[PDB]
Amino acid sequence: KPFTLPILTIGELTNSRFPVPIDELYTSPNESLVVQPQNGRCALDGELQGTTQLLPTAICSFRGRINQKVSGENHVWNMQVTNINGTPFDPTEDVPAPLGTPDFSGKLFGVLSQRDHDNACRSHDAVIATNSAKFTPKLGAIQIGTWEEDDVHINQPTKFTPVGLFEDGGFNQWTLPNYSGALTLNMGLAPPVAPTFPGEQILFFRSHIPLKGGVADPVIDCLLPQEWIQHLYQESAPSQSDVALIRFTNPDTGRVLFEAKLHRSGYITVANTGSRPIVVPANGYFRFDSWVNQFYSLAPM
């Protein structure tokens, strides 16, 4: 079964780490950064990893019930989380946290909504601090703050729709949350990725995400767009080597702009030595060329 990528332009790709479209391709030196995202992780044979699941809208969402208001706390609530489809999260599941759980540290801004058993409804702005000691999705519980303390009901079906960042301070896209809280190690993680081959860098699919306030340009970089993950999952084609050579191609001119290594574990490297935003034609897309080895030498971008 021949290996394929979906035919999708940059304007037809979704970020796999936050529910927004891809804005651009991006590459930079790895430096001292540990790149270990848990969303947007999929081996080329279609095996999902970390906290990766198939629903793009569900990335960074939460579901469950508000069991109680935080003691001595105004505008802060305790949530018992379930899976995206509302089923109980089993903490013994061999995963870092419920699938779709955010994989970055920061204050996530969005809207908390409820429909009570009697169909009484409410929506209110909310923030979820993923860097907080009270953020323990792996234990089935997180904390949610609102601006107004009065209008949130207890033990009623609750959802969180992510919108963007509350603030930029403390936001680090590569710093994983402590899914189980303080002094506890994360488990079942998709491994970190790094460009091993000399002269190579990771190529990212970048989105500039919304911000509630302040001056900044917060970005989320994913290793594979969500659609590629969805495609890989369906195809389940056996990887023939540890690297698929892919070529970014303009379908109109036939011009192959550049080539890249799509690694078996689900990330892309390119021969590039600086941090730039690639600028590709709107009609262009990666096409699978052939299987090669990890030591194949790419044409420098």
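One-based numbering along the sequence shown.
Visitor: Going by the mean C-alpha B-factor recorded in the entry, which is higher: 285 to 293 or 13 to 21?
Guide: That would be 285 to 293.
Visitor: Of the two stretches 224 to 232 and 155 to 163, which shows the higher Cα B-factor on average in the entry?
Guide: Per the deposited B-factors, the answer is 155 to 163.
Visitor: Looking at 210, 192, 199, 213, which one carries the largest C-alpha B-factor according to the PDB entry?
Guide: When the deposited C-alpha B-factors of 210, 192, 199, 213 are compared, 213 is largest.
Visitor: Going by the entry, which of 100, 177, 145, 218 has the most elevated CA B factor?
Guide: Comparing C-alpha B-factors across 100, 177, 145, 218, the top value belongs to 145.
Visitor: Test of reading the entry: by CA B factor among the chain's modelled residues, which third contains residue 138?
Guide: Middle third of the chain for residue 138's C-alpha B-factor.
Visitor: Compared with the other modelled residues in the chain, in which third is the CA B-factor of residue 69?
Guide: As the PDB entry reports it, the C-alpha B-factor of residue 69 lands in the highest third of its chain.
Visitor: Among the chain's modelled residues, which third holds the C-alpha B-factor of residue 75?
Guide: It belongs to the highest third of the chain when residues are ordered by C-alpha B-factor.
Visitor: Among the modelled residues of its chain, does the C-alpha B-factor of residue 204 lie in the lowest, middle or highest third?
Guide: It belongs to the lowest third of the chain when residues are ordered by C-alpha B-factor.
Visitor: Considering every modelled residue of the chain and its Cα B-factor in the PDB entry, is residue 275 in the lowest, middle or highest third?
Guide: Highest third - that is where residue 275 ends up once the chain's C-alpha B-factors are sorted.
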